[PDB]
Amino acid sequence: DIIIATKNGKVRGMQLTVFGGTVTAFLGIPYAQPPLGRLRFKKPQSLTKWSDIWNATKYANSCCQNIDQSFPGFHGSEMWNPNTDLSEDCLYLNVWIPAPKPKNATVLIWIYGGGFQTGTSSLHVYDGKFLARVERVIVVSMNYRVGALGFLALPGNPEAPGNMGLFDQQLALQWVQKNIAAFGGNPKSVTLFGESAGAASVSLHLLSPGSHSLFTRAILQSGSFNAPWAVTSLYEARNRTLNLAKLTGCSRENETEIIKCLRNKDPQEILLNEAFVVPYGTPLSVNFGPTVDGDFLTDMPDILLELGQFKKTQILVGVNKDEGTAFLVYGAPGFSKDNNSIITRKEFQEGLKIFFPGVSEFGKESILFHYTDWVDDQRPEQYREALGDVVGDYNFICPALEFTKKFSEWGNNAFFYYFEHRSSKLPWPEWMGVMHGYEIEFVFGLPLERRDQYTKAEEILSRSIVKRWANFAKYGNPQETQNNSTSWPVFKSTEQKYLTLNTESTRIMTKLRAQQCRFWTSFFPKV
């Protein structure tokens, strides 16, 4: 029977049988006062503290959010929807520790993605028990507020300052610093990892001084703050806030009066209305995201990154081969998860208008031109694949490379990966390839469960990746030193070497998407 005295009180965990061993799980530990009533839109408040035991024996509420209902009954999409009740009372975290209790274990802290509008830490593919079991690290994950409730910004106004969700994560990091030692963890050895919006969060923690000493190093999967979807401008932030305000009947003169009006609405009213604060969104739209609040973020992060104002430490960064494809079935004409989505030139062009709504004809023609230099074939899937590549390079890959490039320029080790294995169990069609989000299950070691219809090769690769991530956390160097693995070289802005992760031919390459990324990083912004 396992009970740990945290600084706020005793908590009770539960034993799990994993791989002929035991992992101890503490699910749903509160780390802040529920942000309700007057506390809505505010930075999280610290916890009351209690006597008696808190039973941390089931996942807690997920934060209020809208759920994707494009494919009801379809596991490919539904595996991402929350699996606990939605509630504003959602500020909880989870802790997986090895058994027997580790002496001074390295801690991995997961920050989920979801475009800052969705997400929860209780998803099956974020289960930290395998990592705890296999690498004897401690895994921690937290729920943080999303959408308007997490990122509504009326900057400098503390009734709704912006970046609340980011402060939720930060307060959870503080919790770990203050309490993890009681669980057998080492507060001086904490590695943040996250995917997509979670990875962007991780990159922002590297930039936020308040977070500087709450972690040791950082892993960024398919995301970074400099991705075009990741940061909300102040013009956007205020326009979007005032729009939510009119939509809900909360337009008032004294901005502080808007917030109290919004404080009195149902969560549902807010949620139902946040979709429309943008006149013409994209599938990748982030209505309420990170802003330069002058608190979490002292300045525009592009400036910070460029002038080397960030935590000096190691990073592990990477992307997947077909980042863009998932988004294509969420609005691009002629695309379907139920057919092979062979599209024509005109549908390609209409898809661009969908993904680049405010861009000139010349801008969209340049994308067309750069991405239709057929290779050198006339295959029917030319345009289908070009559009996925367009969406993936622009939104994920090129920003990831650029971040790593600028980060390493200030003299810290960086490691870059290209994940190109497609899950044999992927419920999405073959044309979508190695999708956004689908390295995560390899990272968390789900293929290590033989009872699960992953291939033998998939167990090897997951085992290998799990070891690399773990060695990165413990030692700041993502090698697999024992099974003749390819050695993972540091990413330097000169040669720009990266490691490909796959089941077959693993290797070192250089300058991922070189031409594509000079188009997006250098040319496209002038357009």
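Numbers follow the displayed sequence, beginning with 1.
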query: Selected stretch [higher average CA B-factor]: 474 to 482 or 43 to 51; finding: 43 to 51
query: Stretch with the greater mean C-alpha B-factor as recorded in the entry, comparing 222 to 230 against 265 to 273; finding: 265 to 273
query: Residue, from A148, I343, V95, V317, that the PDB entry assigns the highest Cα B-factor; finding: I343
query: Residue selected from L387, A414, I367, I258 by maximal Cα B factor; finding: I258
query: Cα B factor band for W374 (lowest, middle or highest third within the chain); finding: highest
query: Where the record places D452 (Cα B-factor, split into thirds across the chain); finding: highest
query: Chain thirds of CA B-factor: placement of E420; finding: middle
query: For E135, the third of its chain into which the C-alpha B factor falls; finding: middle
query: Chain-relative CA temperature factor third for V190; finding: lowest
